[PDB]
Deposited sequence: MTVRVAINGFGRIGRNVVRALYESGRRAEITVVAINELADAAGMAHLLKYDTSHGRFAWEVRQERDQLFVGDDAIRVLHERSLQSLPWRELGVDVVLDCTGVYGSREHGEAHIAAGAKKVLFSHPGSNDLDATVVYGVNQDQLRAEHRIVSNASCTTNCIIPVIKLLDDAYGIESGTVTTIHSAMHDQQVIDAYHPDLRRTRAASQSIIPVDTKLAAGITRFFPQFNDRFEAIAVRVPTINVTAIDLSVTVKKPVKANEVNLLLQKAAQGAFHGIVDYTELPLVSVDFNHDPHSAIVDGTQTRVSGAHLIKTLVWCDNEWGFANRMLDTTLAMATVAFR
């Protein structure tokens, strides 16, 4: 088994754990430790009861510095100092660092100093790492020597595979995206009741895209709003393409990719569905074919769904396996 440690037990951290068990990936991966600067009581409770995902099916037990999920024992640490973590003693193959705040070499190297073989960040970090993976797109670029890696971000994993598919088919020359987020300072917007408004929020989506697709620097922008719905995101993508195209052809391309090389990663639907119907859906992206439009023959719009959190947590596990099982 690949022995994994979770640094930080916020929403992504807890989701990685549930997804490990629910997906059957536990036959190949085991979680041996979680570091979180909060009490084990609350951790265990929040792991068992989720608003967005419901009741977790495995017995959850907490005792001393141990968290139990079914039979598995899991050490709970409260360390402010990354180098003082017991990674070597626990035989840590991969630390999944889910703390948020940027990722980087210094931090990865501190997990490695404590004795972890590799590090996978949940957040894009800086342009300094051994690699950034959008699983389903570029995991075959990983090498045995890539030890400090980033899995991109919740929102980037949703849209990148779609962008890849459209650009391969038609050549993207320009792109603009709006993300409609579900519910989840020097900004007079935070101190406003989320219950009733469409609230614009900061987004780093564009940076994510142009870092992954450097041929689009100065060619991509993004905005975002928050709305009071349940954990499903809609990404509204508008791209100009080189080759002329019609909507039913954009749709055929995406249907077949979901059928084929992107099965499990990008799904496609034509059914009359609403966002909750993708709650807890493990795909990175579900293209809603009913919303595909082409203006003229060069301006594509697609509406893409994702459970950004559940999709991403599953990909985190996919990337962890790819990292842990590569030959030099």
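- When the deposited sequence is numbered from 1, the segments without any C-alpha atom are 1, 186-194, 339.
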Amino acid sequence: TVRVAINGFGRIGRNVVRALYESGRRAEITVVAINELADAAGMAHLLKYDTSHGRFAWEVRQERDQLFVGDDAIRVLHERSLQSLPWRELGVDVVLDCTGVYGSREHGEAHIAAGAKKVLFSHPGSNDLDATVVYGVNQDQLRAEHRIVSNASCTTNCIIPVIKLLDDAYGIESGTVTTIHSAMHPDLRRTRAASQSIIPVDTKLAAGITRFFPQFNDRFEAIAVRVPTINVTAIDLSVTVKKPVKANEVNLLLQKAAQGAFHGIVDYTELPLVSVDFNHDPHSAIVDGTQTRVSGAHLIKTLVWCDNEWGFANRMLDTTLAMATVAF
From here on, numbers count along this sequence of modelled residues.
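- If you average the C-alpha B-factors over 261-269 and over 60-68, the higher value belongs to 60-68.
- Here 99-107 and 124-132 are compared by their mean Cα B-factor, and 124-132 comes out higher.
- Highest CA B-factor among the listed residues (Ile223, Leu77, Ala234, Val241): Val241.
- The entry assigns its greatest Cα B factor, within the set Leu82, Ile112, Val177, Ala73, to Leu82.
- In the PDB entry, a CA B factor belonging to the lowest third of its chain's modelled residues is recorded for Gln291.
- Annotation for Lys256: CA B-factor lies in the middle third of the chain's modelled residues.
- Per the PDB record, residue ranking by Cα B-factor puts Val137 in the middle third of the chain.
- Sorting the modelled residues of the chain by their CA temperature factor places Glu145 in the middle third.
- When all modelled residues of the chain are sorted by CA temperature factor, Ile300 is found within the middle third.
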